[PDB]
Amino acid sequence: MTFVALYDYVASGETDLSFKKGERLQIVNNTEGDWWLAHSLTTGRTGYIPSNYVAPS
């Protein structure tokens, strides 16, 4: 499922994914939690993102 970033996000660790507002991100894993594993359709990188920064697209 594809979500779209509502805000910019700047990563702070090894495992999260930076992204820009409007970037489209594929869900890799959102089975549970506030942090989701996502895959960017702009960069192709995969990492954890804050779920409250994205909405379905």
# chains A, B, ... in the order shown; residues from 1 in each chain; ligands from 1
>>> residues_around(residues="segment 5-18 of chain A", least_positions_apart="6", cutoff="7 Å", atoms="only C-alpha atoms", output="mmCIF file with N, CA, C and O atoms, in the first residue's frame")
data_model
loop_
_atom_site.group_PDB
_atom_site.id
_atom_site.type_symbol
_atom_site.label_atom_id
_atom_site.label_comp_id
_atom_site.auth_asym_id
_atom_site.auth_seq_id
_atom_site.Cartn_x
_atom_site.Cartn_y
_atom_site.Cartn_z
ATOM 1 N N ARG A 24 6.247 9.561 -1.950
ATOM 2 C CA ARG A 24 5.418 8.376 -1.870
ATOM 3 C C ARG A 24 6.245 7.217 -1.332
ATOM 4 O O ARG A 24 7.368 6.967 -1.804
ATOM 5 N N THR A 46 14.908 1.813 2.255
ATOM 6 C CA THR A 46 13.943 1.168 3.129
ATOM 7 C C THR A 46 14.367 1.414 4.569
ATOM 8 O O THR A 46 15.536 1.215 4.910
ATOM 9 N N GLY A 47 13.432 1.849 5.409
ATOM 10 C CA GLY A 47 13.769 2.088 6.798
ATOM 11 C C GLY A 47 12.502 2.462 7.531
ATOM 12 O O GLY A 47 11.423 2.503 6.941
ATOM 13 N N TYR A 48 12.661 2.759 8.813
ATOM 14 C CA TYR A 48 11.502 3.067 9.668
ATOM 15 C C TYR A 48 11.086 4.530 9.556
ATOM 16 O O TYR A 48 11.930 5.432 9.476
ATOM 17 N N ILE A 49 9.774 4.764 9.587
ATOM 18 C CA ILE A 49 9.231 6.108 9.452
ATOM 19 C C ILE A 49 8.191 6.320 10.539
ATOM 20 O O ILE A 49 7.561 5.364 10.989
ATOM 21 N N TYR A 53 3.367 10.873 10.160
ATOM 22 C CA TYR A 53 3.791 11.765 9.102
ATOM 23 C C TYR A 53 3.241 11.378 7.738
ATOM 24 O O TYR A 53 3.526 12.077 6.757
ATOM 25 N N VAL A 54 2.466 10.296 7.639
ATOM 26 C CA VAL A 54 1.998 9.825 6.342
ATOM 27 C C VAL A 54 0.501 9.556 6.352
ATOM 28 O O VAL A 54 -0.121 9.328 7.397
ATOM 29 N N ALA A 55 -0.071 9.612 5.154
ATOM 30 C CA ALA A 55 -1.480 9.324 4.923
ATOM 31 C C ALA A 55 -1.624 8.501 3.655
ATOM 32 O O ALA A 55 -0.732 8.511 2.793
#
>>> residues_around(residues="residue 29 of chain A", least_positions_apart="2", cutoff="10 Å", atoms="only C-alpha atoms", output="PDB file with C-alpha atoms, in the first residue's frame")
ATOM      1  CA  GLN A  26       5.366   1.819   0.109  1.00  0.00           C
ATOM      2  CA  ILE A  27       4.477  -0.027   3.314  1.00  0.00           C
ATOM      3  CA  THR A  31       1.729  -4.852  11.570  1.00  0.00           C
ATOM      4  CA  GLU A  32       2.073  -3.004  14.894  1.00  0.00           C
ATOM      5  CA  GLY A  33       3.427   0.217  16.296  1.00  0.00           C
ATOM      6  CA  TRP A  35       7.002   3.352  13.551  1.00  0.00           C
ATOM      7  CA  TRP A  36       6.452   1.569  10.253  1.00  0.00           C
ATOM      8  CA  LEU A  37       8.930  -0.092   7.912  1.00  0.00           C
ATOM      9  CA  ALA A  38       8.621   1.725   4.585  1.00  0.00           C
ATOM     10  CA  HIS A  39      10.235   1.818   1.142  1.00  0.00           C
ATOM     11  CA  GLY A  47      13.769   2.088   6.798  1.00  0.00           C
ATOM     12  CA  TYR A  48      11.502   3.067   9.668  1.00  0.00           C
TER      13      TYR A  48
END
>>> residues_around(residues="residue 56 of chain A", least_positions_apart="5", cutoff="8 Å", atoms="only C-alpha atoms", output="list in words")
residues 1, 2, 3 and 4 of chain A
>>> select_by_dssp(residues="chain A", states="strand (DSSP E)", output="PyMOL selection string")
chain A and resi 2-5+24-29+35-40+46-50+54-56
>>> decode(residues="segment 13-26 of chain A", atoms="N, CA and C atoms", output="short mmCIF file (atom, residue, chain, number, x, y, z; two decimals), in the first residue's frame")
data_model
loop_
_atom_site.label_atom_id
_atom_site.label_comp_id
_atom_site.auth_asym_id
_atom_site.auth_seq_id
_atom_site.Cartn_x
_atom_site.Cartn_y
_atom_site.Cartn_z
N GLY A 13 18.87 8.31 13.16
CA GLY A 13 19.61 7.12 13.55
C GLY A 13 20.01 6.31 12.34
N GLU A 14 20.44 5.07 12.54
CA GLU A 14 20.89 4.22 11.44
C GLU A 14 19.72 3.61 10.68
N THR A 15 18.56 3.42 11.33
CA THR A 15 17.52 2.59 10.74
C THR A 15 16.30 3.36 10.27
N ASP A 16 16.21 4.68 10.46
CA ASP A 16 15.06 5.40 9.97
C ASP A 16 15.34 5.97 8.60
N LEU A 17 14.27 6.40 7.95
CA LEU A 17 14.26 6.86 6.57
C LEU A 17 13.85 8.33 6.50
N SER A 18 14.75 9.18 5.99
CA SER A 18 14.43 10.57 5.72
C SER A 18 13.53 10.63 4.50
N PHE A 19 12.69 11.65 4.46
CA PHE A 19 11.80 11.87 3.32
C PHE A 19 11.29 13.30 3.33
N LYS A 20 10.80 13.70 2.17
CA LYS A 20 10.26 15.04 1.97
C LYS A 20 8.75 14.99 1.84
N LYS A 21 8.10 16.08 2.26
CA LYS A 21 6.67 16.21 2.06
C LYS A 21 6.31 15.88 0.61
N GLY A 22 5.29 15.04 0.42
CA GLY A 22 4.85 14.65 -0.91
C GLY A 22 5.51 13.39 -1.44
N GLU A 23 6.55 12.90 -0.77
CA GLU A 23 7.19 11.66 -1.20
C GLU A 23 6.23 10.49 -1.00
N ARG A 24 6.25 9.56 -1.95
CA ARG A 24 5.42 8.38 -1.87
C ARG A 24 6.24 7.22 -1.33
N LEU A 25 5.70 6.55 -0.34
CA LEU A 25 6.34 5.48 0.42
C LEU A 25 5.47 4.23 0.41
N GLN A 26 6.06 3.10 0.04
CA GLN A 26 5.37 1.82 0.11
C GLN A 26 5.50 1.20 1.49
#
